[PDB]
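Asker: Please find one structure pasted underneath; my questions will follow.
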Amino acid sequence: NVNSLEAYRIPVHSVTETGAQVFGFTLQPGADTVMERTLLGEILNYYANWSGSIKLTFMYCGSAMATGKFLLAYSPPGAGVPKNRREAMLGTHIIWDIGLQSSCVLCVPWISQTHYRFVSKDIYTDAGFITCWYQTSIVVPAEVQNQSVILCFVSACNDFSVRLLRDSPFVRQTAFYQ
Amino acid sequence: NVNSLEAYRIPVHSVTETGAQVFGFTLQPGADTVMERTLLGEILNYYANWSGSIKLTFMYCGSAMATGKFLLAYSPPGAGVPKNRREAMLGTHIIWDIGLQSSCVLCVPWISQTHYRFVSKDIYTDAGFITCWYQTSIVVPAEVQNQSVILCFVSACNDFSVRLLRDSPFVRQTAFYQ
Amino acid sequence: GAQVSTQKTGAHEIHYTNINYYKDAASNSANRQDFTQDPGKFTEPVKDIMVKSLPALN
Amino acid sequence: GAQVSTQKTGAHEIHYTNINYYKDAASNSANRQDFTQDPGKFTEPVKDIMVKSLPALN
Amino acid sequence: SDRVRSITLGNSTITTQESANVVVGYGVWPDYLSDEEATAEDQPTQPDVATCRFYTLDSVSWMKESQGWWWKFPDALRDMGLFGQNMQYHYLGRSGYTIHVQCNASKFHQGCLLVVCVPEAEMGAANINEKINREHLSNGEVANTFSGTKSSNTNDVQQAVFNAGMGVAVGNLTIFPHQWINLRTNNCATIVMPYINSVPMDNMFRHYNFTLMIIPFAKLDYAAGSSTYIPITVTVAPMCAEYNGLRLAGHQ
Amino acid sequence: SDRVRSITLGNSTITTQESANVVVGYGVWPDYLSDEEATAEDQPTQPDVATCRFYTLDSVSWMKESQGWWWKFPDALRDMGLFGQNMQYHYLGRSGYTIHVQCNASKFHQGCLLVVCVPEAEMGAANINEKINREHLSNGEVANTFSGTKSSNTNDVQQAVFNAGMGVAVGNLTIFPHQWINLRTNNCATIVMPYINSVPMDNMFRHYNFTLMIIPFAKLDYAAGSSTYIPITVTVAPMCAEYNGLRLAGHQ
Amino acid sequence: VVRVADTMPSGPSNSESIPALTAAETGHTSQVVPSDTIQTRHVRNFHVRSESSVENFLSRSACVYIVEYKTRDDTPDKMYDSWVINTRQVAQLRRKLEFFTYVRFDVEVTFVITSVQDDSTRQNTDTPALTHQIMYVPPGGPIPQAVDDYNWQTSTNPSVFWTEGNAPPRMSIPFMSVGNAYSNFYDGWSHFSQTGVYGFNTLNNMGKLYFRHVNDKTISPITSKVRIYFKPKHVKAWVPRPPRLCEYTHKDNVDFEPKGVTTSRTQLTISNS
Amino acid sequence: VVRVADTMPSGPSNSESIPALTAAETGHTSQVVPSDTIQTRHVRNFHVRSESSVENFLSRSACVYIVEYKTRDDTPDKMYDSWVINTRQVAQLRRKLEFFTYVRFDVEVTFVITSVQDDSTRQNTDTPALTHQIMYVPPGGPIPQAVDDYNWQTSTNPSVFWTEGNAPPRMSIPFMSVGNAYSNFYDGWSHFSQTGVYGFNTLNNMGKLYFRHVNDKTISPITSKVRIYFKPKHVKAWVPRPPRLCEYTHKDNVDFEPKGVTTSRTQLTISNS
């Protein structure tokens with residue numbers, strides 16, 4: 001789906017009971033396969049040691065008549081990845097409702113041993129595991145489509161920092177450009 | 001006519017109806033074939049990036065009894081070269097009469113995108129197209145010759161400038177001068 | 001014609017010498033102590049600025 | 001025996017150091033900051049100067 | 001002295017060394033519409049640099065036997081630059097003018113012209129009950145020409161120099177702003193004509209505001225060795241121009 | 001509340017009842033050229049009533065499967081009234097803009113657009129070493145259209161929604177003035193874009209200043225009984241316009 | 001001395017003030033401090049955004065073009081070597097400069113020259129120190145046509161003489177754009193009929209360099225390789241843009257092939273696997 | 001700090017004041033500002049006539065004469081090499097100095113020396129560093145006659161020793177004219193009977209230079225080439241003149257062949273062709 005615009009759509013729909021995992025991804029701005037090519041991921045791929053808080057913002061692009069609540073968690077490491085919703089709400093979470101306000105903010109705070117992290121993939125510094133969950137399902141009335149699209153945004157808070165320059169691993173050339 | 005003094009004479013004479021093009025030349029002080037060897041052209045051939053306004057001055061060297069009016073236009077580029085007098089008077093022009101005052105001044109103002117131009121022949125910076133036109137013909141009484149000579153002068157205004165030094169393209173030597 | 005300013009050192013734990021030698025400004029050293037910023041024209045690019053407490057286009 | 005003067009920089013956006021070393025004036029550097037001009041003896045080389053409003057030898 | 005006159009309007013300057021004077025209409029200098037006479041309500045466009053400038057029309061020759069010329073002047077500048085464009089795209093236009101007519105001759109020539117700027121010069125037809133075509137009252141910058149005899153063409157303007165088209169006595173045609181280009185002293189003639197009309201802002205295609213008439217009284221007499229072709233060049237410039245009622249292009 | 005917004009520019013007024021906000025560029029409101037940045041010397045023409053007004057371009061439809069649109073915007077208003085004429089007759093032009101994009105849908109519809117105003121959007125060609133024709137980067141008010149696949153046409157712009165033509169990552173394309181027309185709340189989107197350029201006054205035919213890109217992220221999904229044709233209408237208006245260097249018509 | 005913002009303390013709250021709910025449909029980027037989601041303590045944070053400034057990010061020496069030319073050959077064009085001055089032939093320095101649309105920087109050039117002795121029959125020579133001449137030429141200047149042509153005289157042009165065994169040469173170059181900023185992007189043509197070339201190339205106009213050996217015809221050819229390191233400084237940049245995803249193709253355009261937007265996951269939901 | 005003149009605003013005018021009409025028949029150059037032809041706006045112009053001053057225009061290093069001399073040969077005149085001091089043998093520096101009639105400048109000389117090993121049977125030598133001696137000689141001084149003649153001793157004369165592998169030598173020369181200005185033009189004879197030579201050559205009288213290798217008879221000849229770069233400074237110039245159109249012929253006169261005044265157009269009136 002990366003050879004298309006389909007990669008930005010997070011699908012979400014009415015479930016049978018409740019409490020399933022829509023999406024979920026590691027927090028590595030520079031070493032992930034999710035936020036690798038985003039603007040924050042590009043700038044941090046020009047750096048090596050970063051710190052500070054990261055905002056996510058979730059626009060809901062469904063219909064004007066459907067509602068639903070979504071648990072937006074953050075699980076710091078030491079434990080694994082929470083496999084059900086009961087294990088997911090024991091971290092920094094937020095319970096977001098869909099109304100007039102179509103976009104939420106999960107402002108991930110800074111919980112860390114060291115001051116600074118690493119951009120590259122390593123074992124000593126791991127960050128957290130975003131996992132989104134149905135708080136309820138999507139109740140939609142008749143003559144409306146069932147499935148919709150959630151988007152995700154990313155940015156940085158007031159105390160974000162980068163420390164060491166380097167070359168980014170995205171430049172892959174062979175010869176000169178005559 | 002360059003192997004003679006004939007090259008400085010601009011001939012002008014009585015026409016049948018009206019409105020013909022006596023002379024006309026591009027405005028490239030350093031890359032033209034007209035103002036190439038004039039003093040302004042020599043100094044700007046020692047430079048590369050110039051700016052400022054240019055004066056032309058037209059002495060009339062005809063008889064003491066003939067009159068005539070001449071449209072001295074300036075057409076900034078974007079359009080071509082105005083082919084008749086009706087297309088010529090839609091630029092910066094002047095209507096000059098011949099009387100006691102034998103010399104005119106067409107003071108070409110500064111209308112440009114950039115601050116500075118280029119001396120060399122290029123496409124991105126073109127200047128303007130001087131084109132002289134009969135406003136009327138030359139009415140001359142009997143026992144006087146029909147044809148006369150207009151001269152042209154050139155100078156610079158108060159805000160003329162040059163920026164980069166280089167070698168001029170006029171020095172063409174082969175060996176030393178023993 | 002000397003200029004004295006503080007070096008770059010960390011918090012909780014100087015006064016170097018700078019003399020401008022050459023006769024131009026393209027020879028002056030790189031001004032690597034400009035820490036100024038203002039994210040007011042990349043965030044909040046708006047008329048009718050938000051409050052963060054009001055419901056923000058209610 | 002120091003001399004401090006301004007560098008050459010453009011408008012809308014210094015103070016270098018010059019010490020005269022050798023015992024002559026042919027060793028002094030090139031005085032490349034003389035911007036003075038007066039086109040009063042190459043233009044207007046005349047007696048009975050023009051006004052630009054009068055008809056100028058009427 | 002006051003023979004050397006200069007006029008600067010925008011980016012076009014006329015310098016003459018044997019002028020006569022500047023006849024300022026009926027004393028009133030051109031002016032924008034003050035809001036004691038305001039009729040329409042939307043904001044007008046006053047270009048003032050790309051409009052108030054000298055536009056040169058076509059040049060005509062004056063032989064020994066030529067009889068006259070007339071130009072309609074809200075119409076002869078139909079296609080002269082942004083005055084022509086801003087004539088086309090609008091609906092109401094108000095502007096003054098500044099006529100300048102170049103015509104030069106040596107001291108061994110003689111003759112005299114007459115440059116009269118007649119408002120509302122409604123002309124009679126050649127036949128009595130015939131409809132004049134639009135291409136005979138005006139031809140744009142192409143000048144029309146009087147005929148000295150009794151003209152009797154079809155769909156044509158009554159060409160007679162002793163009637164001036166309107167049937168008035170052509171000797172009495174000097175009540176308007178007039179100048180005499182007598183060829184022994186003068187190089188040109190200047191008329192600053194303000195906008196005289198019964199409505200404050202009028203259209204510029206349906207209405208012919210005025211007519212510039214050049215009628216020779218003293219014929220171009222000269223020796224058997226002088227230069228025959230003596231042209232006449234006319235160059236005008238609007239003043240205080242403004243335009244009301246922007247709409248889609250065309251006129252119909 | 002602040003959902004009802006009105007904009008009056010000259011003689012054309014847009015009233016919307018479900019707007020979002022007005023994104024004023026990078027904070028800087030449009031302004032005339034102050035003479036600390038003055039380069040040319042002749043007096044410019046500032047029409048301010050016949051130019052600073054809303055001009056409506058062509059309307060395009062948005063089906064379930066449409067991929068995008070782009071308009072070059074000193075060029076799509078080539079022939080829209082006296083802005084088009086004063087583009088043609090001059091040589092240097094400076095103007096701000098004010099984008100407004102109408103697109104309405106009911107409450108039983110869903111989808112989301114993205115209105116980004118990218119300066120200097122230099123696009124890559126479909127083939128690697130081919131010269132793009134002028135009639136594929138722009139078509140005036142006729143909108144171009146992205147293709148979601150790998151486009152491989154001759155003399156054509158590289159149409160790919162996941163590259164935005166320039167080869168940038170299209171998710172990262174929100175650094176510019178952008179708004180989201182999510183169809184559940186908003187009726188339109190307003191971008192007041194000032195004139196960003198490296199030269200103070202530039203030509204308006206040789207240079208394409210910027211590109212308005214509408215790229216749908218959430219597709220127009222709806223039931224089996226609703227109205228299929230949901231158009232998209234774009235109407236912009238220049239601001240603080242001025243024009244330098246009047247010359248003869250044309251461009252070559 | 002400018003610090004980053006600290007953390008203010010917060011507590012248990014029940015308000016109608018909603019930092020979590022915002023309208024991203026207006027283009028306004030939300031401004032939520034972590035003191036408004038959970039109960040954060042007092043943090044006296046001493047981070048300084050020092051090495052992320054636009055001066056600090058671009059003021060590093062980067063190669064642009066390698067130039068190879070020998071001291072004796074059979075053809076006169078394999079001796080000296082020229083180069084047209086541009087920064088868009090190596091993707092690292094180009095990609096770092098293509099965050100922005102317009103920039104204003106002075107260039108500080110450093111040449112690094114290495115000499116490789118070629119293979120021949122008579123390589124056992126007693127070779128003295130080589131000498132190099134680098135003559136800048138403004139746009140429209142004379143064309144050098146040989147290693148012995150009399151256009152290498154530098155009556156006005158900038159030049160530099162180096163002898164192998166010293167520190168590398170260094171000179172500065174002021175701001176030479178005729179506009180107000182070096183346009184890394186220009187969307188337009190060259191002819192006013194919207195024809196000609198499309199660039200990005202109409203506004204390069206930088207001039208060109210030239211290289212030659214000052215020494216005469218040696219009895220053994222020596223392959224010389226000189227590396228040019230641009231180093232900008234005093235940098236002001238305006239109106240940024242996202243970086244380039246697809247790989248580059250040429251120097252005189254922006255053309256490319258479509259690349260996938262990232263690398264796939266083959267899953268969509270994380271777990272302990 | 002001296003700016004160029006700004007632009008004053010103007011308006012619609014109808015006056016008897018005529019800036020357009022002037023009398024060019026008096027030699028007075030007219031002084032029309034563009035604020036008197038069309039309606040020009042207010043322009044705050046910040047151009048500075050900086051790099052057009054007479055100091056900035058001529059203070060560039062320019063070559064004058066190449067000197068070639070070997071370290072061992074068969075004839076004593078092909079070893080060392082002399083040169084009579086004059087600036088009128090290369091048309092670039094000469095043409096830049098011939099704007100004026102009289103100038104007053106101090107000269108700052110820089111020599112650039114290159115050594116080319118000749119071809120022989122025994123080129124594989126272990127050659128130490130070469131050494132060069134440049135003995136200035138005032139007019140009337142002793143004549144060196146060999147590389148081992150005892151006139152090279154410099155009991156008073158200015159000299160300089162250079163070793164290959166360093167920065168090039170540089171020395172300054174003060175104003176040495178016996179009059180008040182270096183006459184680039186002298187219309188007159190030498191004998192008071194209006195005979196003799198005609199110059200331009202009667203007032204050169206600058207002295208001459210000499211070059212030799214300080215090293216002894218080497219076992220391999222090395223062709224040495226030294227380039228002299230004059231660099232004037234502290235320049236005052238008087239009573240200018242137009243530059244030279246025709247090409248040069250010699251150094252001791254002003255003689256030439258007639259050249260056409262420009263290149264022809266083959267038309268006289270421009271159009272869209």
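Going through the structure tokens in order, the chains are called A, B, and so on, while each chain numbers its residues from 1 and the ligands are numbered from 1 in the order shown.
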Check chain D with DSSP on the backbone and list each residue it calls strand (DSSP E or B), as number ranges by chain.

Answerer: D: 2-5, 8, 16-19

Asker: Write out the coordinates of chain C as a JSON list (two decimals) with C-alpha atoms, in the first residue's frame after a least-squares overlay onto chain D built on all ordered Cα pairs.

Answerer:
[["chain", "number", "residue", "atom", "x", "y", "z"],
["C", 1, "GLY", "CA", 49.54, 52.21, 17.39],
["C", 2, "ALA", "CA", 46.29, 50.64, 16.21],
["C", 3, "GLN", "CA", 43.68, 51.99, 13.79],
["C", 4, "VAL", "CA", 40.07, 50.81, 13.80],
["C", 5, "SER", "CA", 37.68, 51.43, 10.92],
["C", 6, "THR", "CA", 34.52, 49.89, 9.50],
["C", 7, "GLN", "CA", 34.46, 47.02, 7.04],
["C", 8, "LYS", "CA", 32.70, 47.16, 3.68],
["C", 9, "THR", "CA", 29.22, 45.67, 4.07],
["C", 10, "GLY", "CA", 25.95, 46.20, 2.24],
["C", 11, "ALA", "CA", 22.98, 48.28, 3.28],
["C", 12, "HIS", "CA", 20.00, 47.10, 5.39],
["C", 13, "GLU", "CA", 22.03, 44.16, 6.80],
["C", 14, "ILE", "CA", 32.92, 45.02, 11.59],
["C", 15, "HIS", "CA", 35.61, 47.31, 13.09],
["C", 16, "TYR", "CA", 38.72, 45.51, 11.83],
["C", 17, "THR", "CA", 42.33, 45.97, 12.94],
["C", 18, "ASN", "CA", 45.16, 47.68, 11.04],
["C", 19, "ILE", "CA", 48.72, 48.09, 12.32],
["C", 20, "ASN", "CA", 51.35, 49.81, 10.17],
["C", 21, "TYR", "CA", 54.46, 47.62, 10.32],
["C", 22, "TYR", "CA", 57.23, 48.60, 7.94],
["C", 23, "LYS", "CA", 59.25, 51.78, 8.11],
["C", 24, "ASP", "CA", 58.01, 53.31, 4.82],
["C", 25, "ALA", "CA", 54.84, 54.40, 3.04],
["C", 26, "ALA", "CA", 55.33, 52.15, 0.01],
["C", 27, "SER", "CA", 54.59, 49.24, 2.36],
["C", 28, "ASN", "CA", 51.23, 50.63, 3.47],
["C", 29, "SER", "CA", 48.23, 48.74, 2.17],
["C", 30, "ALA", "CA", 46.10, 49.82, -0.77],
["C", 31, "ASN", "CA", 43.64, 52.58, 0.19],
["C", 32, "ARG", "CA", 40.58, 50.82, -1.24],
["C", 33, "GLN", "CA", 37.92, 52.85, 0.60],
["C", 34, "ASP", "CA", 38.07, 56.16, -1.30],
["C", 35, "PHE", "CA", 34.52, 56.58, -2.62],
["C", 36, "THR", "CA", 34.81, 60.30, -3.35],
["C", 37, "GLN", "CA", 33.84, 61.73, -6.72],
["C", 38, "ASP", "CA", 33.06, 65.04, -8.39],
["C", 39, "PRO", "CA", 31.90, 65.09, -12.05],
["C", 40, "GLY", "CA", 32.27, 68.87, -12.17],
["C", 41, "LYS", "CA", 35.30, 68.98, -14.47],
["C", 42, "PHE", "CA", 34.17, 66.44, -17.06],
["C", 43, "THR", "CA", 30.57, 67.52, -17.10],
["C", 44, "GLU", "CA", 29.94, 71.26, -16.85],
["C", 45, "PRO", "CA", 33.40, 72.30, -18.13],
["C", 46, "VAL", "CA", 31.96, 75.72, -18.78],
["C", 47, "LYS", "CA", 31.78, 79.36, -17.90],
["C", 48, "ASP", "CA", 28.24, 80.79, -17.47],
["C", 49, "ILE", "CA", 26.78, 77.62, -16.01],
["C", 50, "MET", "CA", 23.42, 76.29, -17.17],
["C", 51, "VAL", "CA", 20.29, 76.22, -15.02],
["C", 52, "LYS", "CA", 18.45, 73.25, -16.74],
["C", 53, "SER", "CA", 15.28, 75.38, -16.65],
["C", 54, "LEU", "CA", 16.38, 78.32, -18.79],
["C", 55, "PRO", "CA", 16.59, 77.55, -22.54],
["C", 56, "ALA", "CA", 20.40, 77.10, -22.23],
["C", 57, "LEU", "CA", 22.04, 79.43, -24.81],
["C", 58, "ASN", "CA", 18.75, 80.85, -26.06]]

Asker: Between atom CA of residue 31 of chain G and atom CA of residue 245 of chain G, measure the distance and give it in Å to one decimal.

Answerer: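 Result for atom CA of residue 31 of chain G versus atom CA of residue 245 of chain G: 28.1 Å, one decimal.
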
Asker: Please return, as a PyMOL selection string, all residues of chain E lying within 6 Å of chain B when only C-alpha atoms are considered.

Answerer: chain E and resi 11-17+55-56+59+61+104-109+223+225-227+229-233

Asker: Do you have, as a Markdown table, the list of residues of chain B lying at most 9 Å from chain G, each with its nearest atom pair and that distance in Å to one decimal, counting only C-alpha atoms and ordered by chain then number?

Answerer:
| residue | atom | partner | partner_atom | distance |
| --- | --- | --- | --- | --- |
| B:48 | CA | G:139 | CA | 8.1 |
| B:49 | CA | G:178 | CA | 8.2 |
| B:78 | CA | G:192 | CA | 6.3 |
| B:79 | CA | G:192 | CA | 8.5 |
| B:113 | CA | G:179 | CA | 8.7 |
| B:114 | CA | G:179 | CA | 5.7 |
| B:115 | CA | G:179 | CA | 7.1 |
| B:116 | CA | G:178 | CA | 6.3 |
| B:117 | CA | G:178 | CA | 7.9 |
| B:119 | CA | G:140 | CA | 8.8 |
| B:120 | CA | G:140 | CA | 6.2 |
| B:121 | CA | G:140 | CA | 8.4 |
| B:123 | CA | G:190 | CA | 6.9 |
| B:124 | CA | G:190 | CA | 6.5 |
| B:164 | CA | G:138 | CA | 8.6 |
| B:165 | CA | G:156 | CA | 7.0 |
| B:166 | CA | G:156 | CA | 5.7 |
| B:167 | CA | G:156 | CA | 6.2 |
| B:168 | CA | G:141 | CA | 8.0 |
| B:169 | CA | G:142 | CA | 7.3 |
| B:173 | CA | G:150 | CA | 8.7 |
| B:174 | CA | G:150 | CA | 7.8 |
| B:175 | CA | G:150 | CA | 8.5 |
